[PDB]
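Considered here are two forms of the same protein chain, supplied as structure tokens in two stand-alone entries, structure 1 and structure 2.
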Structure 1
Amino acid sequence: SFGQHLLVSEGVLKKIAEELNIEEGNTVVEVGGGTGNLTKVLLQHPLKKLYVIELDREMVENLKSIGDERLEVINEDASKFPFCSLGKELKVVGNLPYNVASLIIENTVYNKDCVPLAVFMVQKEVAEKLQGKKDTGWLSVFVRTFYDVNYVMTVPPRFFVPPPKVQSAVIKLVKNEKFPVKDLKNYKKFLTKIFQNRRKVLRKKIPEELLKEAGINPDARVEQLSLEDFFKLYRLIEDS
């Protein structure tokens, strides 16, 4: 049966499902780990359809054993899958393994046109970066350009077996597109680049002329920039 590799406290799974605000007619897309037990919790809610995207073929077999007519299992990679091939309005949820969390979140953003809401459990550090208050990163800016990031709760290691070495957190992404970025791949190129060598003053990474035009101190560093700064820089560099 389930819980073969990971056990998560049921209270935590229930809170995660509650954050999704599942209502009649909703389509939910579940990604990440411990899908057996999370799936059972999600199916207690009035969703219309639940897709589970899972690479583990033994787990696929076990999930398929669940009778519910609303459940459909897709044996593909959630860090690469085009979510918008599943439907026009999807709520995405998952406990994300450390080594694919950032990819899955990035992929969710590429699919933002059909993802109004996502709830993820990730390492506390990843969550704090995404929130953008205590820390930041290229993915944080990429995400927050298109979503509001809500830090829901901290999850100490004890709520997992085996426990992780660091605390986890639940975050909620709510679609909110703040800037009209058309080419997401190109925007990512810009953000990844400007975040390389995070300690380097910006004048070593962006021509001073453009920094002054954007009203940015040439001796500022990338982690002190606002979203508005990133967009205006992006536009200045694209128009050059």
Structure 2
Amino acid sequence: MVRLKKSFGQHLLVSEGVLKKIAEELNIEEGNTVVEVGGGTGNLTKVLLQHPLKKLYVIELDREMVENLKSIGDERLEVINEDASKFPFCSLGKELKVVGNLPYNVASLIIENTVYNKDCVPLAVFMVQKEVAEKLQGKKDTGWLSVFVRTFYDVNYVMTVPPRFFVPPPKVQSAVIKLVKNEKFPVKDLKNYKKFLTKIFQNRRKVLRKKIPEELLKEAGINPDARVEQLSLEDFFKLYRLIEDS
């Protein structure tokens, strides 16, 4: 349908080149189950099925856009109508290739959710807002979510997508990012690990001895008078174990 409820952040990607570049990056092989957050009118959906899928899952929230199991008449296509920011991905298999052009308003929530379902997603490819994409990369800017993702996934940037390659053109830039899973370190209950990092990135300009005891930081060999945006990934592991109750 038209009217495209902008409250849902639905901007249809109308560009052949990037649509199939998003699909190719998943490395879809013979018997893979792919999950697509926010299918929409199904521009990416039509491209994913062009690959040798086993099963395409589409998690769409819009009860009018989900009705578009239309011309896309495929036996291996199933459309689930629920919120992908809260949906349990691991209720669809043990190894799932997640993909999706994310709506800006909830994009960060779906990413956080897939990291919760890490055990059943070997790799994910997302189209996100630039200020979210460049943040998750790590090098120029970070956040609590950036480290939360990178702890389990090796984030590798793919491409920038100009606002013109969309129908209702967003005022922000977009980017495709690939989330390849790499076994860094064993963090249990991501619930309290998230709450840990989100307290460290609180007042990120201030020194660290101001949020974690000065000598307790001198323990892990971490400069007490250092900012949050200087710590290696190991540091985040290194100090989380012995400061936060798990």
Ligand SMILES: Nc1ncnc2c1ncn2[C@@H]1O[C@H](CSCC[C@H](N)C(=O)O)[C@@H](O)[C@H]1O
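Only residues modelled in both forms are compared. Take the two forms, find the largest set of C-alpha atoms that superpose within 1.5 Å, and that set is the rigid core. Start at 1 and count along the sequence of structure 1; that gives the residue numbers used here.
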item: Form solved in complex with this ligand - which displayed structure it is; value: 2
item: Rigid-core-referenced C-alpha movement of 2 Å or more between structures 1 and 2, selected from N186, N176, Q44, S65; value: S65
item: Rigid core superposition, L233 Cα moves 2 angstroms or more between structures 1 and 2; value: no
item: Shift in Å of the C-alpha at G33 between structures 1 and 2 after core superposition; value: 5.6
item: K133 CA shift between structures 1 and 2 in angstrom, with the core used for superposition; value: 0.8
item: Cα displacement of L6 between structures 1 and 2, core-superposed (Å); value: 2.5
item: Segments displaced between structures 1 and 2 (3 or more residues, each Cα shift of 2 Å or more, core-superposed); value: 1-8, 32-35, 63-66, 238-240
